[PDB]
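Read through the structure below, which is laid out as structure tokens, and then see the notes.
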RNA sequence: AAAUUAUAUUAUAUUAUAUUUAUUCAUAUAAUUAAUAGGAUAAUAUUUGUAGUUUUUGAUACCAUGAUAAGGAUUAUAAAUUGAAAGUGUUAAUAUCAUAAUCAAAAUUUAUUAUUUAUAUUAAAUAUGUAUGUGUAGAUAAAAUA
Ligand SMILES: [Zn+2]
Ligand SMILES: [Zn+2]
Ligand SMILES: [Zn+2]
């Protein structure tokens, strides 16, 4: 069993047109 | 890795042993079937009750062989050796010369191991007999090369 | 017939419906599968070719 | 087997019918025994 | 691997290891070139008002990545860790973007970083023909430059063996050739800079243009000279081989010390958590996620807290 | 923001161990010979303990002079086990050492730390299929000198396998 | 798929003895209707054993792979176990 | 050694028939019945197709 | 020899992975007259369902 | 309201309404391990259940892939030839699980009142009123309500 990583802000209604390092910083709970 | 899991190696080796048992048993089973299922007399020497007694005795000999390979060849002639995908002989899921599936043939085409020439997918390749009559004509041409060119003796 | 497309001067098939395996005269005149292509398939189609050229213990 | 032998008759020649003679070796690709497993005649496998 | 002397040839444990590792072959299969099939295109990773980061992941069978920084004002591009099995997509990208390639940054001179370097310089200079491309590197990697051929021996890279590396040619830091009085494509490379190990936050930078500064950081442990790039205005840390996703670099290679790697991880604690760390291999992460979820940094700081004077951390199985 | 690295104030020394991936190592299950406790399976824990007590010891590889491996054959010919050796009393050990084993005074001195601690002869699982790891924890009399930890409960000869089944052996 | 080469292989009055049965009556019963050698007993018999007179006469046990034939009759005599089920 | 068809095996057919007649008793070979010998016990054994 | 428990055992098989080992604690069936003498060894019952 | 992009060709379909079957599904299962070994026409080794036991089948993840649609320009000044046909550029939406600790779905085979879709069976009925699909298919040789 692997526990998925969690962020504070919801991922619903987030734009997928962001850059790759912006989504990278966004998903690891440390946004730019 | 590494090549293929060992259960598939066991399966291919059991297929090879079934082929070897076919080579072991086919002549004996064919002679027993051709004696036991004949109604005409075998010879001038053996007729009447001797022929029926000999047919019953060879039927008793044929039924007493535990493990005699009477299985036809086309039932397990679709076994692949590199991968575990099972194809069907007669369809496009199997190639007959290198004896692998369509998936394994595509991987060995894309890997560069074979020396195969690509031709247009709606033509008949290059073989004049294949362009002439199709698969049946090349089938008959392989028959004519293998058997019918020899005057039997 | 020479005016057909698949013309080969030997009769490739006998005109007999139901010339099957149960008939003993078919069994008598059939080719046995001893040293046909099946023997090459039985002794060559191995999942690793190196187990067909030697024993692995001997090479190591 | 004792209740199976009523409706099904027994034809048991014995193990002699499973071992063909030496003169029929090359007709049977070198073999003599008609077992379900193959039988090699060398002592190294045996 | 190493040179086959008399002791290595009369050893039975050597033949036992070469049987255990590689089976009946005994020779290691090399690291081949990626073919034209199963090769992806160049992705634009980041777009900013200052710079543009364009990269390609898994460009080698070493599973390394290739990145290029583009200055939006000066139209100057900068490759970091130039190792791509196909540097023809990059030259076409530079020519179709109307860019000028002026320098190539090198973190360290392992074979997963400088394998296609002469191919990069030759193809990009040939496109510039229709000032040459400089190389930025640390001189400690000189000891890894001389073993570029031996590393090309063991990993099967035979066509890149007989190639004089551009870092070995005569720069402005070297004496000049005294040619006969009766040429300069290979005799002198004026565009070459040697980075110093005394890296500070004041003057250890490269003026990329438009007020963008790239601070190179000296961080050994995976190599004797290992230079990260840090862009504080863009929060981008090209780590190279020091830090990856949930793992750090190897120490089980020559000239690699675990306590140097531990000091290199300890000199990274003053950066903010939203700094996107960009490794030479694998997927990119952030420094805060590596402070929270990386076990090598946890072991390093735990050994530092319990009182180890020589904290030694490092991987033994991973990326070269 | 600068996140601190999560450490601990009190950490056991087992967590200071090295892994090349800094991860948990693989624990492969033992081979199929250890599925049933038999006479071939009984004395493999006794063999490895006498093997370690005679080999080299420490970082400087100090060779143990007394060879306790010569007494392994006479111990298994009597049918006594390593777990059965811990059940013997003090008077039953003087009879076993002097009469049967003929253990000398220095060979008795190298074997007694293994009997004083009552080492549990349970083969631990390891990254390989062939395991040479015996649990060196001190056993307790309530759990049959098996130390009662990680599932070694009063009949467990091997980690990951069944109990002793003393009605058979 | 080829013709009648599937590896996984009905009442009729004028085609009773000729549908899923042997072509000739001169041929003998198959191998499962006789005992080959030394047997410890079979759990089930094959589907190609011909129901004979002694199946309905003796009636010890008929186990077909399951199927239990406990209603003996003479309308099954001369026919294999395929059409009887 | 003969090869191919069964017509080329003259001595092998003779040796096989001699061996089959040698090992097999007649009291075993009596029990094997044909299809019509079993079908004779049916109440309606014979009709035209 | 397993003891019945309701707390899972967590066996860490790696970083961010573990293994949850708990067992569902089987209950005995009802003792009414229809469950008694059930033909479990047969698996092909033909007794009529009232 | 023009230029024609348009393929076009013909056939079929259902609980009429019940029955048998090819696959699907249910519930009963069998199958298990590892390694070599040279023999006639050869100047002399008698030899092979022997050297193997704690043997191998054990890392399915959140990387930056790639497919879809759309718009551009160049060449015919010849009546000869079997044959006047070929190369080169930009935007939207969708999408991206390969450096990690396992294990038999349909790895995979076989069978039973039972679940389907198909397989062929398969019929009465003029007292009144009556019963229009999407698709599935084979080779491809008509054309102007916008
Ligand atoms: Zn490196
Ligand atoms: Zn690297
Ligand atoms: Zn223990």
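Chains as they are written, first to last, in my numbering: chain A, 1 to 32; chain B, 1 to 153; chain C, 1 to 60; chain D, 1 to 46; chain E, 1 to 320; chain F, 1 to 169; chain G, 1 to 85; chain H, 1 to 49; chain I, 1 to 50. By construction, the Cβ of each residue, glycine as well, lies at the ideal position given by its N, Cα and C atoms.
Report the neighbours of residue i on chain G: residues whose CB is nearer than 7 Å to its CB, in chain order.
i	result
residue 91 of chain B	1
Closest Cβ-Cβ distance between residue i and chain G: below 8 Å?
i	result
residue 19 of chain H	no
residue 79 of chain B	no
residue 85 of chain B	no
Note down, in chain order, every chain B residue with its Cβ under 9 Å from the Cβ of residue i.
i	result
residue 38 of chain H	Result: empty, since nearest Cβ-Cβ is about 15 Å, beyond 9 Å.
residue 38 of chain D	17, 20, 21, 24
residue 18 of chain D	64, 65, 66, 67
Name, please, each residue of chain B whose Cβ falls closer than 8 Å to the Cβ of residue i.
i	result
residue 42 of chain C	16, 19, 20, 23
Is there a Cβ from chain E that is less than 8 Å from the Cβ of residue i?
i	result
residue 10 of chain A	no
residue 2 of chain A	no
residue 15 of chain A	no
Hey, is residue i's beta-carbon within less than 8 Å of any beta-carbon in chain D?
i	result
residue 10 of chain G	no
residue 25 of chain G	no
Which residues share a DSSP beta bridge with residue i?
i	result
residue 79 of chain G	G/51
residue 101 of chain B	B/94
residue 77 of chain B	DSSP lists no partner for residue 77 of chain B.
residue 342 of chain E	Nothing can be reported for residue 342 of chain E, as the shown portion of chain E is limited to 1 through 320.
residue 89 of chain B	B/91
residue 71 of chain E	E/51
residue 2 of chain A	I/17
residue 68 of chain G	G/63
residue 10 of chain D	G/35
residue 62 of chain F	F/57
residue 206 of chain E	E/214
Which chain C residues sit within Cβ distance under 8 Å of residue i?
i	result
residue 3 of chain B	47, 48
Under 8 Å between beta-carbons, which chain E residues line up against residue i? List them in chain order, please.
i	result
residue 72 of chain F	The contacting residues do not exist; residue 72 of chain F stays about 28 Å from chain E at best.
Just the chain E side, please: which residues come within less than 7 Å of residue i by C-beta, in chain order?
i	result
residue 20 of chain F	315, 316, 317
Say whether chain A places a C-beta atom closer than 8 Å to the C-beta of residue i.
i	result
residue 226 of chain E	no
residue 230 of chain E	no
Would you mind telling me which residues of chain C sit closer than 7 Å to residue i, beta carbon to beta carbon, in chain order?
i	result
residue 148 of chain B	10
Would you verify that the beta carbon of residue i is, or is not, closer than 8 Å to some beta carbon of chain B?
i	result
residue 38 of chain C	yes
Kindly list, in the order they appear in chain A, the residues whose Cβ is closer than 8 Å to that of residue i.
i	result
residue 17 of chain I	1, 2
Which chain B residues sit within Cβ distance under 7 Å of residue i?
i	result
residue 28 of chain D	24, 27, 28
Under 9 Å Cβ-Cβ, which residues of chain F neighbour residue i?
i	result
residue 272 of chain E	1, 2
residue 12 of chain I	24
Counting only Cβ pairs nearer than 7 Å, list the residues of chain A close to residue i.
i	result
residue 9 of chain I	Simply none; closest approach about 13 Å.
Looking at the C-beta of residue i, does it have a partner C-beta in chain F at a distance below 8 Å?
i	result
residue 306 of chain E	yes
Check the Cβ of residue i against every Cβ in chain H and list those closer than 7 Å, keeping chain order.
i	result
residue 59 of chain B	32
Quick one: list the residues of chain G neighbouring residue i, beta-carbon separation under 8 Å, in chain order.
i	result
residue 74 of chain B	5
Mind checking if residue i is an interface residue toward chain H, Cβ cutoff 8 Å exclusive?
i	result
residue 45 of chain D	no
Applying a beta-carbon distance threshold of less than 9 Å, which residues of chain H neighbour residue i?
i	result
residue 4 of chain D	In chain order: nothing, as chain H lies at least about 14 Å away.
**Residues within the region 3-16 of chain F neighbouring chain E, beta-carbon criterion of under 9 Å** = 3, 4, 5, 6, 7, 8, 9, 11, 15, 16
**Asked** At which residue ranges does the region 262-287 of chain E contain complete beta strand (DSSP E) runs of 3 or more residues, listed in the order of the chain?
**Response** Whole beta strand (DSSP E) segments, 3+ residues: 276-279.
**Message:** Quick check for students: name the residue ranges of the alpha helix (DSSP H) that lie wholly in the region 97-137 of chain F, counting only runs of 4 or more.
**Reply:** 107-116
**Message:** So if I threshold CB-CB distances at 9 Å, which residues from the region 62-85 of chain G count as touching chain H?
**Reply:** Taking 9 Å as the upper bound on Cβ-Cβ separation, chain H lies near residues 74, 75, 76, 77, 78, 79 of the region 62-85 of chain G.
**Prompt:** Going along the chain, which residues of the region 274-286 of chain E sit with their C-beta nearer than 7 Å to a C-beta in chain A?
**Reply:** Taking 7 Å as the upper bound on Cβ-Cβ separation, chain A lies near residues 274, 276, 284, 285, 286 of the region 274-286 of chain E.
**Residues of the region 37-50 of chain I with Cβ closer than 8 Å to any Cβ of chain F, in chain order** = none
**Request:** Return the residues of the region 22-35 of chain C that lie within a Cβ-Cβ distance of less than 9 Å from chain H, sorted by chain order.
**Result:** 27, 28, 29, 30, 31, 32, 34, 35
**Message:** Runs of 4 residues minimum, wholly inside the region 66-92 of chain F: which ones carry the alpha helix (DSSP H) assignment?
**Reply:** 72-77, 82-86
**Asked** If you measure beta-carbon to beta-carbon, which residues of the region 31-48 of chain G are closer than 9 Å to chain D?
**Response** Cβ contacts with chain D: 32, 33, 34, 35, 36, 37, 38, 39, 40, 41, 42, 45.
**Request:** Enumerate, from N- to C-terminal direction, the unbroken alpha helix (DSSP H) stretches of 4 or more residues contained entirely within the region 76-115 of chain E.
**Result:** 89-96, 111-114
**Asked** For the region 33-47 of chain B, which residues have a CB atom closer than 8 Å to at least one CB atom of chain H, in sequence order?
**Response** So the close ones are 34, 35.
**Asked** Unbroken beta strand (DSSP E) runs of length 3 or more, entirely within the region 14-68 of chain B: which are they?
**Response** none
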